[PDB]
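Read off the chains here:
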Amino acid sequence: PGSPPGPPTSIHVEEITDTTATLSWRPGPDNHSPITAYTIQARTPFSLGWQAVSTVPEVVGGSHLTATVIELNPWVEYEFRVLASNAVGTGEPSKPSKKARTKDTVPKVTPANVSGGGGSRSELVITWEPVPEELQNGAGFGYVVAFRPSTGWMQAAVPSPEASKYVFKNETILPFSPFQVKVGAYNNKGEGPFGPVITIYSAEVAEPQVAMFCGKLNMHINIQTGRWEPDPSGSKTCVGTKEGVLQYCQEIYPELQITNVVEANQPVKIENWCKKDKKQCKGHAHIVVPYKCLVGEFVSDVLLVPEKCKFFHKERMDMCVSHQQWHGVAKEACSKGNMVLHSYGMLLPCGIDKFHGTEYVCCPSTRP
């Protein structure tokens, strides 16, 4: 006989971490039997309704208006409700707390069903099963692909949670040649583990670039010859905006679909610059950083990682910054490791010559 307690009210989230959540609550009516224990329940989009959770203390006594839930899933939206129990029974569940997501850590699972094969001429196709949302454990989720025909790994960061494929197109890929491949995941907090190395097979002259020097006709690369040639209209000199560089690319290579531009990572000595509006041109050499004309969908560069070296990548969704800035980030990130910047590439375009991240390789310095 008698009556169970009432439902508690005012479920607060006092503090929340990657696996824990501290809760406070107002005691409901006990109906004249002292409350003996409080129990907590939690609901997520992946929890099959409401489920019981563990706490520290293991049992929450009736004189406690606060406890901490443990063993929660990182990067998952949570809501909690408290139940009041006495010698008669267990009262009705409380109204849920305001939804709050647990904080993040590095992913712990590896991408499933890594595989590959097929594709078009001189391609290597790598595939995997995207990591489900509940197992991503954080924002900025992506994948790192590692493959090799050799001891150096070839690696690229693929910054898209739902990406399931990576296609390496390079003319040095032999047809139907064996490749070892492993894939791992990452997020804002760091790297996940790589999965097992498996074997896949591949499928059965110069890059478009423009260069500028104010007062002189723009130069561009001849894709076939590989030689630098002047502006075909004989009138266009340096442009004022990065979008202007993109437009000049599209004018110079009409057979291509130009979608972005980015500074080349190294300067090049270009011969035979000609002054604008000069009927006769005494050629001159100039060392400039040219702009690569990027085509089609953006694909992260593949970076060779010699076995002495290490592959890193950083991205941030809160800032969209330039190629020169990411270069300084990668370069300093490796002097702070007492190493040298070997190579680097842009991740995640967010504007014309502006990116959300960079990948880079760092090596010990070569000296006697």
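Residues numbered from 1 in each chain as written, not as in the entry; some residues may be left out. Heavy atoms only, no water.

Structure determination for this entry, per the PDB record, employed X-ray crystallography and reached 2.46 Å resolution.

Per the PDB entry, the protein chain carries the name Fusion protein of CNTN4 and APLP2 and comes from Danio rerio.

Taken together, the 4 strands give an open sheet; going across it, the order is β1-β2-β7-β5, and neighbouring strands pair in antiparallel fashion. With one partner strand each, in any of the chains shown, β1 (9-16) and β5 (55-56) form the two edges of the open sheet. Of the pairings in the sheet, the one linking β5 to strand β7 (residues 66-69) comprises 2 bridges and is antiparallel in character. Residue pairing in the sheet places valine 56 in a bridge with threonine 68 of β7. (Pairing = 2+ DSSP bridges. Helix = DSSP H or I, 4+ residues; strand = E, 2+ residues; numbered from the N terminus.)

Here we take up the pairing of β7. Because side chains alternate across β7, one face comprises the buried residues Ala67 and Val69, and the other comprises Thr66 and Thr68, none of which is buried. The sheet contact formed by strand β2 (residues 21-26) and β7 spans 4 bridges and is antiparallel. Counted as the bridge partner of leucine 23 is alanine 67 from β7. (Buried < 20%, exposed > 50% of the residue type's maximum accessible area, 1.4 Å probe, protein only.)

A covalent bond between the sulfur atoms of two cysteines is referred to as a disulfide. Evaluation of the coordinates by the stated rule reveals 6 disulfides. At a sulfur-sulfur separation of 2.0 Å, the disulfide partner of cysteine 249 is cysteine 293. Where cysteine 249 bonds to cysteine 293 through sulfur, the torsion about that S-S bond is close to -75°, and the disulfide is left-handed. Of the two residues, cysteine 249 is situated in helix α1 (residues 242-252) and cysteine 293 in strand β24 (residues 291-295); the sequence distance between them amounts to 44 residues. The two residues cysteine 249 and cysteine 293 agree in class, both being buried. Covalent S-S linkage joins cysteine 320 and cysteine 350, the inter-sulfur distance amounting to 2.0 Å. Because the torsion about its S-S bond is 105°, the bridge between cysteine 320 and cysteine 350 counts as right-handed. Of this pair, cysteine 320 sits in the loop between β26 (310-315) and β27 (321-322) while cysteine 350 is found in strand β28 (residues 340-351), placing the two residues 30 residues apart along the sequence. We classify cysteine 350 as partly exposed; its relative accessible area is 30%. Taking only the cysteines that form disulfides and numbering them from first to last, the protein chain has the pattern 1-2, 3-6, 4-5, 7-12, 8-10, 9-11. (Disulfide = S-S within 2.5 Å.)

Helix length check: helix α2 (residues 323-335), at 13 residues, gives a terminal C-alpha distance of 19 Å against a target of 18 Å (1.5 Å per residue), a fit within 8%. Residues of α2 that are buried include every one of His323, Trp326, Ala330 and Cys334, and no others. Projected down its long axis, α2 carries its buried residues within an arc of 65°, all on one side. Against the buried residues of α2 lie β21 (258-263), β26, β27, β28 and β29 (354-363). The N-cap of α2, judged by a side-chain oxygen 3.4 Å from the amide nitrogen of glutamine 324 a few residues on, is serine 322. (Expected span 1.5 Å × (residues − 1). Arc of directions from axis to C-beta. Contact = heavy atoms within 4.5 Å. Polar contact = N/O pair within 3.5 Å; in protein donor to acceptor, adjacent residues only side chain to side chain.)

A separate point is the pattern of salt bridges. What the rule picks out here adds up to 3 salt bridges. With its nearest N and O atoms 3.8 Å apart, the salt bridge here joins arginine 43 to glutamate 79. Of the two residues, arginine 43 sits in strand β3 (residues 37-43) while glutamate 79 sits in strand β8 (residues 77-85), which places them 36 residues apart along the sequence. Here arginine 43 falls in the partly exposed class, since its relative accessible area comes to 38%. Across the salt bridge formed by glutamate 251 and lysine 236, the nearest N and O atoms sit 3.3 Å from each other. Of this pair, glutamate 251 sits in helix α1 while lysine 236 is found in the loop between β20 (228-230) and α1, placing the two residues 15 residues apart along the sequence. Overall, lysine 236 belongs to the partly exposed group, its relative accessible area being 34%. (Salt bridge = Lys/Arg side-chain N within 4 Å of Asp/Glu carboxyl O.)

The next subject is the sheet that holds β20. Paired through backbone hydrogen bonds, the strands of a sheet run either parallel or antiparallel to each other. Strand order in this open sheet of 5 strands is β20-β19-β18-β24-β21, and the pairing throughout is antiparallel. What marks the edges here is a single partner per strand, and that holds for β20 and β21. Mean inter-strand twist for the sheet, computed between neighbouring axes without regard to direction, equals 30°. Here β21 pairs with β24 via 5 bridges, running antiparallel. By the bridge assignment for β24, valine 261 is matched with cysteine 293. (Axes fitted to C-alpha atoms, helices over the stretch in contact; angles between N-to-C directions.)

Right, let's get into the domain arrangement of the protein chain. Domains assigned within the protein chain are domain 1 (9-102) and domain 2 (209-295). For domain 1 versus domain 2, the separation of C-alpha centres amounts to 65 Å. (Domains from an automatic or database assignment.)

If you look at the biggest cluster of nonpolar residues, it comprises 21 residues, and the most contacted ones within it are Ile126, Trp128 and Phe147. Ranked by residues supplied to this core, first place goes to strand β15 (residues 178-187) with 4 residues. Those residues within four positions of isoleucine 126 in sequence are excluded, and the remaining contacts are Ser115, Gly116, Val145, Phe147, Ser164, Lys165, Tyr166, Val181, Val183 and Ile200. (Core = buried A, V, L, I, M, F, W, Y, C linked by side-chain atoms within 4.5 Å.)

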